[PDB]
Every structure is written in C-alpha cells, then in structure tokens.
Amino acid sequence: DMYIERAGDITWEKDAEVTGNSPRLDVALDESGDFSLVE
Amino acid sequence: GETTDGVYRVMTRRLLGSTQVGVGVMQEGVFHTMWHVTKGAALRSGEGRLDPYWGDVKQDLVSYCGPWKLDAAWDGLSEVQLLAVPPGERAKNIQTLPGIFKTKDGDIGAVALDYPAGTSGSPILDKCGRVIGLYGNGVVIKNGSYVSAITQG
Ligand SMILES: Cc1cnc2c(cnn2CC(=O)O)c1
C-alpha cells in the first residue's frame, strides 16, 4: 500500500537557481499517455 | 490523515526499503498526482485512506477525495519554477523558461529539467505560486536529455 509524506509548501522562491533550455519539439501523444517525437 | 495544502512524496514499502515512486499536490482537500505514479491505487495518509475520484491514462493524471482543482495555466511568455521533490532529497525550486510541445491537437508548455523517475508529479508554478501543471510525462530527446510536458487537468 502506497502512502504520502509532506515535503513542503508550494511557493515561488525569489532568486532561485535559473537553468534549463526552451526547446520546440513536434510530439505525438498515444492512447497509453506516452509522448513520442514526430519526425 | 494529513490534509494540509502542500507538496507530498508518494512512497511505497512493497520494494526494498522505502522507495519514492512519485510526488503530488494537496489543494482544497484533493490530492493530485500523475496516473503512472499510483496506477489508480488507494493511498494511505497516516491512519486515513485516500480513494481515487477521477483519472485518465491519456492525460496521465489522477485526483483523490474530489475532482481536479488545479486550473492555472502557463501564460506562454513568463518563466516558471519546477518545485522538484527528488527521492531522498529536499524540495528545491528551479526556475526555467518553458519550451513548447507542438501536437496535432495544439501546443503544450514543456520543461527541460532532468530528475530521477520518482520526481514525477512535482508541481510547476507561476510567479503567483499557482500550480500550472505537474512534471513527469515527456520524452527523451536526441542526446539523452529529458523534456517533460507541463501537464494540467
Ligand atoms: C521525471 C522523469 C521520469 N521518467 C524519466 C526521466 C528521464 N527518463 N525517464 C524515463 C524513465 O526513467 O522511465 C525523468
């Protein structure tokens, strides 16, 4: 049986570490909820 | 059980030790997570039990105790924060400018941040602290990096 444990508040953090890029990708979503790359 | 708003870890004791299988959001008395984390199973919170209320494998989302309550959306312009809750590690906010998932049914925001599989269900927030979606369902692109959809109900 699965259980939940509190991990924190949901708040915006001022001056957080900014990382990650912003790619634009063509994707398809199948009936199983799996995303794949369209080529 | 604990019904205070916030971010929570989804744990299991069926495997070796205590393993974190995902994360979710408690808001307005409803627990929100991704379908692939719990597979629609009931959850324990202290001495209480949370029963699934709504779910959909294709959206990859599930809510417990009531209907989906998160309705904020990415505005298409501003930076957002992944409130990442990794297995065995403290909750940490990471800021990013989302990319785009272009589909035949329209566009969806996407966050290019890599975390272990058990971080699935971690909320993505706007500047006002509102949850605009959950992290954890996406794709692995050309050079092995991970890109998650900003999945919202
Ligand atoms: C959050 C997340 C979830 N799944 C991921 C990643 C990266 N690769 N995968 C596939 C998997 O491990 O099954 C990140």
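Just so you know, ligand 1 is whichever comes first in the structure, and atom 1 is the first atom listed for that ligand. By convention in this document, chain letters (A, B, ...) are assigned in the order of the sequence lines, proteins followed by strands, and residues within each chain are numbered from 1.
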| query | Would you say B:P116 touches ligand 1, if touching means a heavy atom closer than 4.0 Å? | reply | yes
| field | For atom 7 (C) of ligand 1, the protein heavy atom that lies nearest, with its residue and separation | value | B:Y146 CD1, 3.6 Å
| query | Is the backbone N or O of B:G136 less than 3.5 Å from a side-chain atom of B:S148, with the two atoms forming a donor-acceptor pair by type? | reply | yes
| Does the A:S22 side chain pair with the main chain of B:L97, one donor and one acceptor, at a distance under 3.5 Å? | yes
| task | Return the residue, atom name and 0.1 Å-rounded distance of the protein heavy atom closest to atom 14 (C) of ligand 1. | result | B:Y115 O, 3.2 Å
| task | Could you list which atoms of ligand 1 come closer than 4.0 Å to a heavy atom of B:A117? | result | 2 (C), 3 (C), 12 (O)
| query | Do we see a donor-acceptor contact under 3.5 Å between the side chains of B:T38 and B:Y64? | reply | yes
| query | Does the B:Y146 side chain pair with the main chain of B:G138, one donor and one acceptor, at a distance under 3.5 Å? | reply | yes
| Any non-hydrogen protein atom less than 4.0 Å away from atom 11 (C) of ligand 1 | no
| If you count the atoms of ligand 1 from 1 in the order shown, which ones are under 4.0 Å from a heavy atom of B:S120? | 1 (C), 3 (C)
| said: Determine whether a donor-acceptor pair (N or O, by modelled atom type, separation under 3.5 Å) exists between the side chain of A:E13 and the backbone of B:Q95. | reply: no
